[PDB]
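[1] what's the 3D shape of this:
(3 chains)
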Amino acid sequence: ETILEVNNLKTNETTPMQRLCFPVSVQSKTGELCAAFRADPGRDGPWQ
Amino acid sequence: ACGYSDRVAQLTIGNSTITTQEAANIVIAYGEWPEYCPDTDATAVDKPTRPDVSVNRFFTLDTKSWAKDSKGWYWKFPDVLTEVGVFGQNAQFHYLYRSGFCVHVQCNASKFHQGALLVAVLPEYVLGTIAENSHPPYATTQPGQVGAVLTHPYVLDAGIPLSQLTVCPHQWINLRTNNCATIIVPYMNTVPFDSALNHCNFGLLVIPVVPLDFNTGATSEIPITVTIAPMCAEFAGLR
Amino acid sequence: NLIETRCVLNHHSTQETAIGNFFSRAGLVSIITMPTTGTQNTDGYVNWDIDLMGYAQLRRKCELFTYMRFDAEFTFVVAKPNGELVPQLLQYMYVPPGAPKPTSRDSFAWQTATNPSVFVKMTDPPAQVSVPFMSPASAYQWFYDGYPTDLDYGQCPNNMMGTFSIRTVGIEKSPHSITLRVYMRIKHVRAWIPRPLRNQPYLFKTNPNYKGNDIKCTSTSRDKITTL
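    Numbering: from 1, shown residues only, chains lettered A, B, ... in the order given. Provided below are the atomic coordinates:
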C-alpha cells in the first residue's frame, strides 16, 4: 500500500503535501458527498 | 444493547457492511424469532417468493439530526422500504407480503453530551388528529423513508401516554452509557400474508425522553442513524 | 384519605387478574326504545349493529390489547318504558355480516331462513343466545394502521360482528311502547399484544382522535417535588 493523492487539486500544486490527505468538517451536512475517484491505477489522477 | 467497552465488529450482509460494536444485549420482540410462515392453503397452489437476492441486506436510512428541541420521530413498516430498493418493487409486484426485522438504532456523540432516547416498536400504530372528525393525512400516516416528526410526544400522537410505552419492545439509549439499540421483530398480523402497501404491521418510535444537552461550542446536532435488515421475508404472487 | 392501618399479609389469587375474569361478567352495551309513535318509531322495527365501542368503560379495557378473539353471549331484558311487562310477542332476528338488513317493518328480510331469528313473549324470561367468532381473520383487532382499499383510514371491516333486528310480531303495529336493554358477555377470551392505556377523553368510535387543544396529564400535579 502506498499513498493515493485523492486531494489532487490544481490549488494544491504549490503546497503538495496537502494532496496526500483530504478534509472533513462539521460544516458539511449529513448526506453530502465528501469525495470521489475511479479505480484507474494505470491512468492519470490520484493513483499516480 | 451496544455501548462503551465492547469489541468493535463488522457485520456484512450481501453487498453491504456496517461497523457496529458487538453487544450481546439485543431486544427480541415478544420473545420470538422471525421464521418462515406456517402452511396456509394460499401458498399451497402458489408457493411463497423469498428473495434472498438484494432484499436480504443492510438498509441505512438517511441520518436524522437531534437538537435540544427535537420532539421525536417515527417510521411505518413496511412502508419505509416500500420505496427503497428491490424491497420495493418486490413488495409491490407481489400482492401478499410477510417479513420480520433486525432494527438497529445508533447515536454518535461526545462524552460531553447528554440525552436519553427511548426506542420501541408498536404494532398497528394508528394516529389521531387534534379535532371534529378527520382521519390523519396520507403523508403522516405512511411517511415512508424520511419518517415523520411527533407533534405531541406526551400522548404519542394517539391519545395514549408515552409514560406507558415500555409495555412494548423498547430499548433505551442513554449517551452516558450505551449509544445504540437493536430489536428483533417477528411478523405480527391476524393473517399470514397481508398487503404490503395498504397495511403497516407496526411503527418504529425514537423519542427523546431526556432532552439533548451540551454546552454551546460542542456539536449542536447529534446524528441518529437507523439501519434495517429484513428477516425471512416472503412474498405471494398468486399467479 | 390514607389510613395506614390493617395490612394485608396474604397474597391474593392470581385467578382474579386472569384475562378471563377481567373480561367476564355480562354488561349493558345497548338500550333500544320502540315507543308507539314520536320520532323514529312510526316504523316498528330496529336494526342494531353489534357495536362494542359503545361504552368507553368496556372499550378502554379492550384497547389495552391490539388483537382479541372471543365468543359472546347476549341476553334481552324487555319491559315497557316504566318497567311493566305485557303479553306482547317479540322477534329478534340476527342479521349475519354481509347479509341484507330489514329496511321496512315487513321487509322480506324478516323471513329469510339464513338470518336466524328468536321468538319470545315479553312475559317469557329473558332470551339468551351465543354468537361465535364471526371474523374472517384469526382475531378481531381494535387497531388497523392501514387502509382497506383518506376517510377509510384505520377501518378494519374484518371486525363486523353482525346486526340485531328487533320488532314486534304481527301484521299490525304493537299498542305498547317498548324499551329493551341488551347485555353482552364475552366467553373464551384470548388477547395478544398489550398496549398503553388511554389517557385522553375519547372523541370518536372509529378512531383515537384526542382534543389536542386540551391534553390532560396522566397523573395529578402538586406544588413541589418534595411536598408530599
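
[2] Send over whichever strand in chain C runs longest as PDB, restricted to the C-alpha atoms.
    Identified as the longest strand of chain C according to DSSP state E is strand C:178-194. Below are the C-alpha coordinates for strand C:178-194, written out as PDB (Å, rounded to 0.1, in the frame of the first residue of the first chain):
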ATOM      1  CA  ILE C 178     -91.000  -0.900  24.400                       C
ATOM      2  CA  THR C 179     -87.500  -0.400  25.800                       C
ATOM      3  CA  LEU C 180     -85.100  -3.300  25.900                       C
ATOM      4  CA  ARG C 181     -81.700  -3.500  27.500                       C
ATOM      5  CA  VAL C 182     -79.000  -5.500  25.700                       C
ATOM      6  CA  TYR C 183     -76.500  -7.300  27.800                       C
ATOM      7  CA  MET C 184     -73.300  -8.900  26.400                       C
ATOM      8  CA  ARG C 185     -70.800 -11.300  28.000                       C
ATOM      9  CA  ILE C 186     -67.500 -12.300  26.400                       C
ATOM     10  CA  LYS C 187     -66.700 -16.000  26.600                       C
ATOM     11  CA  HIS C 188     -63.400 -17.800  25.800                       C
ATOM     12  CA  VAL C 189     -61.100 -14.800  25.800                       C
ATOM     13  CA  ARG C 190     -57.600 -14.600  24.300                       C
ATOM     14  CA  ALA C 191     -55.500 -11.500  23.900                       C
ATOM     15  CA  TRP C 192     -52.200 -10.700  22.200                       C
ATOM     16  CA  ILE C 193     -50.000  -7.600  22.200                       C
ATOM     17  CA  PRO C 194     -50.700  -5.300  25.300                       C
END
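
[3] What residues sit buried inside it?
    For strand C:178-194, the neighbour count (16 or more other Cβ atoms under 10 Å in any protein chain shown) marks C:178, C:179, C:180, C:182, C:183, C:184, C:185, C:186, C:189, C:191, C:192, C:193 as buried. C-beta: built from backbone N, CA, C; applies to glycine.

[4] Against residue C:48, how distant is residue C:89?
    19 Å (Cβ to Cβ, to the nearest Å).

[5] now residue B:15
    For residue B:15, the distance to residue C:48 - Cβ to Cβ - is 59 Å.

[6] Check residue C:112 too.
    18 Å.

[7] what about those two, which has more around it?
    residue C:48 (19 against 15; other Cβ atoms under 10 Å in any protein chain shown).

[8] if I pick the closest residue to the more buried one other than its chain neighbours, what's in contact with it?
    Counting by Cβ to Cβ, 6 or more residues apart in numbering or on different chains, residue C:48 lies nearest to residue C:164, which is 4.7 Å off, once chain neighbours are set aside. By Cβ atoms under 8 Å, 6 or more residues apart in numbering or on different chains, the contact set of residue C:164 is C:46, C:47, C:48, C:50, C:74, C:92, C:93, C:94, C:95, C:182.

[9] host element of residue C:164?
    In this structure, residue C:164 sits in strand C:163-168 according to DSSP states H and E.

[10] Please apply the same query to residue C:153.
    Residue C:153 belongs to no helix or strand, assigned by DSSP H and E.

[11] Which residue is the nearest non-sequential neighbour of it?
    residue B:135 (4.1 Å).

[12] List the contacts of the most centrally placed residue in chain C.
    Nearest to the geometric centre of chain C sits residue C:52, at 3.2 Å (Cα atoms, centre = their mean). Applying Cβ under 8 Å, 6+ apart, we find residue C:52 in contact with C:29, C:58, C:59, C:62, C:161, C:184.

[13] ok, it to residue C:109 distance?
    24 Å.

[14] Sticking with the closest residue to residue B:69 other than its chain neighbours, tell me its helix or strand.
    With sequence-adjacent residues excluded and distances taken as Cβ to Cβ, 6+ apart, residue B:69 is closest to residue B:211, at 7.7 Å. Here residue B:211 sits within strand B:202-213, counting by DSSP H and E.

[15] Direction-wise, compare that strand with strand C:178-194 and give the angle.
    Compare the direction of strand B:202-213 with that of strand C:178-194 by axes from the mean of the first three to the mean of the last three Cα atoms, to 10 degrees and you get 70 degrees.

[16] right, and the helix or strand after strand B:202-213?
    Next along from strand B:202-213, by DSSP H and E: strand B:222-236.

[17] Can you give me the buried ones in that following strand?
    Buried residues in strand B:222-236 (16+ other Cβ under 10 Å): B:222, B:224-236.

[18] same thing with stretch C:212-220?
    residue C:212.

[19] Next: stretch C:77-89.
    So for stretch C:77-89, counting by 16+ other Cβ under 10 Å, buried means C:78, C:79, C:88.

[20] The residue nearest to residue C:48 pairs with what?
    As for beta bridges, residue C:164 partners with residue C:48, residue C:94 under DSSP bridges.

[21] Could you do residue B:2 as well?
    Bridge pairing for residue B:2 - DSSP bridges - gives residue B:180.

[22] Tally up the residues packed near it, please.
    Neighbours around residue B:2, by other Cβ under 10 Å: 23.

[23] Report the contact partners of it.
    B:20, B:21, B:22, B:23, B:25, B:106, B:178, B:179, B:180, B:181, B:182.

[24] Which helix or strand contains the fourth one?
    So the one you mean is residue B:23. Going by DSSP H and E, residue B:23 is not part of any helix or strand.

[25] nearest spatial neighbour of it, skipping sequence neighbours?
    Residue B:23 sits nearest to residue B:2 (Cβ to Cβ, 6+ apart), 3.8 Å away.

[26] same deal with the fifth one?
    Among residues not flanking residue B:25 along the chain, residue B:1 sits closest, at 4.3 Å (Cβ to Cβ, 6+ apart).

[27] my guess is that neighbour contacts residue B:28, does it?
    No: contact criterion Cβ atoms under 8 Å: residue B:1 and residue B:28 do not qualify, at 11.1 Å.

[28] These two - which one has more neighbours?
    Each of residue B:1 and residue B:28 has its neighbours counted (other Cβ under 10 Å); residue B:1 has more, 23 against 14.

[29] Could I get the contacting residues of the more buried one?
    B:23, B:25, B:26, B:27, B:171, B:178, B:180, B:181, B:182.

[30] Who does the fifth one form a beta bridge with?
    When bridges are assigned using DSSP bridges, the partners listed for residue B:171 are residue B:119.

[31] ranges for the helices of chain C?
    Along chain C, the segments classed as helices by DSSP state H run C:14-17, C:19-22, C:56-62.

[32] Out of these, which is closest to chain B?
    Closest to chain B of the helices of chain C is helix C:56-62 (Cβ to the nearest Cβ; 10.5 Å).

[33] elements contacting the closest one?
    Using 3 or more Cβ pairs under 8 Å, 6 or more residues apart in numbering or on different chains; DSSP states H and E as the contact test, no helix or strand touches helix C:56-62.

[34] So what touches that helix?
    C:22, C:23, C:27, C:29, C:52, C:53, C:68, C:142, C:197, C:198, C:202.

[35] now for stretch C:103-122, what's the gap between its first and last residues?
    Taking Cα to Cα, to the nearest Å, the first and last residues of stretch C:103-122 lie 24 Å apart.

[36] That one: how far from the chain's middle?
    Offset of stretch C:103-122 from its chain centre (Cα atoms, centre = their mean, to the nearest Å): 21 Å.

[37] buried residues in it?
    Buried-residue list, stretch C:103-122, by 16+ other Cβ under 10 Å: C:109, C:110, C:115, C:117, C:120, C:122.

[38] Just give the number of residues close to the closest residue to the fifth one other than its chain neighbours.
    Of all residues not flanking residue C:120 in the chain, residue C:127 sits nearest, at 4.4 Å (Cβ to Cβ, 6+ apart). By other Cβ under 10 Å, 17 other residues sit near residue C:127.

[39] Could you tell me which residues make contact with the residue of chain B found nearest chain A?
    For chain B, the residue closest to chain A is residue B:63, as judged by Cβ to the nearest Cβ, at 4.6 Å. When contacts are counted by Cβ under 8 Å, 6+ apart, residue B:63 touches A:30, A:31, B:223, B:224, B:225.
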